Structure formats: C-alpha cells, structure tokens
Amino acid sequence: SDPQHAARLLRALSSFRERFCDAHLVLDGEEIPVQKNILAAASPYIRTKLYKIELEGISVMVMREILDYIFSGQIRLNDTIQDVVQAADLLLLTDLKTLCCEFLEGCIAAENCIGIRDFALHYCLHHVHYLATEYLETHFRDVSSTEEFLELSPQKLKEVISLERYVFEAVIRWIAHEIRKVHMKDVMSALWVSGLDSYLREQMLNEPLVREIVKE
C-alpha cells in the first residue's frame, strides 16, 4: 500500500518537460511544449480538442503557473486571481476553479465585496456569490463608505439596496458630484413615504445631508 505512488510518479513526469513533449500550446505569440496526455488528463477542454493546441486568450505567464499547478497540486495565487479563474473557466479545471474560489472568499472585505460579487455572478461562482452577497448584507453600513459602492452605477445601487436610515443615508451619500444630483427628488419623495410608517426625517436632518438637501 502506498498512496505516495501517483504523487511520486507525477514528480517523475514533471522532469520530462522538454523527446517526451508531443505537442505545443499556442498562446499569446508563443508555443509551449506540453505532454499532450497529461494535459489531456486534467483539462476536459484540451481533451475533447484531441499537434498545436492554440489557446484563446491566456497570458503565457499564467499557463506556466497553471502548468506547474498541474504537476504539483499547488497554485501561486495572490492582483492575478481573476486571471487564473478565466483560465480555470476556459480549460474546465474544476479542481483549480475551487481553489480560486476558496481564495476569493478569504479576500472578501468592504471593498472587494461588490466587486467580488459582480465577478462571481459572471463566472458563475455560486457559493462565492453567496458569501459576498451575505457580507454586503450584514456589513452594508461600512460598504456605504466604499469607493466601489460610491462610484457605482445607479442601476447597480438600485439592486444593492434591494437585498435586505442606514440605506436612505447611503443613497444620499452616493451623491459625490452636479452629476448625481438629479435623483435627489426621488429620494426626498421616498423619504416622505417611509416617514409614513416616523423619527426618520429628524434622524436624517441631523447630519451633513443638509448640504445635499439644501440644494434642491
């Protein structure tokens, strides 16, 4: 019995990176000699496409990290994450795709919150989207003070508020610019309605909101 068998054998395959290379990966404007079976056995994409396997849009630097990942089991991630996910996506490396998801999760902050959430929607990272949605929900107050949430789009902010004072005082904070000073009427109108179901008019007018309130 010896589970260290494959990890031993794979270390062997590793030094045959050079005679043994039966193909080339055509990325950027370069060719990379690869062992077509090993790459086939880990990338359902490369496999079905089975020489010159031309990859569409992946920095040669990332294929090396992904290629080393293939041989070691460890991926060098840190500014680069989304590069490695785009490739994990393209090549269908579920394994590696999960590590990137783990990594992305531990990065969730009050700035990489919305960002990480739009990004997770896009590559369809379900659980990652869940967590970032959640952080946003239970940390809105802080996010309110984020450049990601401020220079945001009015259509995005409308959905950000969607998810269940603290909010009414984030939409008004969303007016940095003569530019976003247009919906302020829509806010003061919503404010009245909410004040229907009180003490909210006062709790607001007790802050530098007055500045944006005055002009209107």
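In this text, residue numbers run from 1 along the sequence as written.
**OP:** Enter the number of deposited residues without atomic coordinates between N78 and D79, binned as none, 1 to 3, 4 to 9, or 10 or more.
**Re:** The entry leaves 1 to 3 residues without coordinates here.
**OP:** Using the PDB record, quantify the missing residues of the deposited sequence between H177 and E178 as none, 1 to 3, 4 to 9, or 10 or more.
**Re:** In the record, 1 to 3 residues between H177 and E178 lack coordinates.
**OP:** Check the entry's C-alpha temperature factors for 105-113 and 85-93, then say which stretch has the higher mean.
**Re:** According to the PDB entry, the answer is 105-113.
Original post:
Comparing 138-146 with 95-103, which stretch shows the greater average C-alpha B-factor in the deposited entry?
Top reply: Looking at the record's C-alpha B-factors, the answer is 138-146.
Subject >> Highest-ranked of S153, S59, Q35, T48 once sorted by CA temperature factor in the record >> reply: In this record, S153 carries the highest C-alpha B-factor of the candidates.
**OP:** Return the residue from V182, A42, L191, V26 that has the highest Cα B-factor in the entry.
**Re:** Within the set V182, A42, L191, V26, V182 shows the top C-alpha B-factor.
**OP:** Would you please rank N206 by its C-alpha temperature factor against the other modelled residues of its chain and give the third it falls in: lowest, middle or highest?
**Re:** As the PDB entry reports it, the C-alpha B-factor of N206 lands in the highest third of its chain.
Original post:
Relative to the other modelled residues in the chain, which third contains the C-alpha temperature factor of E65: lowest, middle or highest?
Top reply: Its C-alpha B-factor belongs to the lowest third of this chain's values.
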